[PDB]
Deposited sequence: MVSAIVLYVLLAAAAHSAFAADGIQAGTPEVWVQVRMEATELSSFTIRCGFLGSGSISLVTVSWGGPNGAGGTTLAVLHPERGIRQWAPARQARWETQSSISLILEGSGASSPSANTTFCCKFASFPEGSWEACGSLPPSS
């Protein structure tokens, strides 16, 4: 089973997330407060060749590895705030996980 991991830390604050799977990544999307495209507020879209799109809270976005990304956001996030990362990958499909700051 593929696995998505999410780590949220205070630096402004940083969202890091990555995909542990058996295929390459076609797209990464990052959202605030709920699932990507299904309730959450979009923060960033990352494509391996076409680049990065980002929305206001997110100030910086980058690939940390070929399977993981990092976002810097201007804050404010609470311990209860959820951040979700969705990885679209062939052949396994789309996989998402959500995380929050350590209380």
{"property": "Gaps in the model (deposited sequence, numbered from 1)", "result": "1-27, 39-43, 108-111, 140-141"}
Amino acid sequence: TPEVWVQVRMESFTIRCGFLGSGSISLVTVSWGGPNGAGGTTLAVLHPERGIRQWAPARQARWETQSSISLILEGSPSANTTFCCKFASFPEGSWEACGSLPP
From here on, numbers count along this sequence of modelled residues.
item	value
Given 56-64 and 23-31, the range whose Cα B-factors average higher in the PDB entry	56-64
Higher-scoring stretch by recorded Cα B factor average, 33-41 or 70-78	70-78
Deposited CA B-factor, highest of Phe13, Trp95, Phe83, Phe90	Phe13
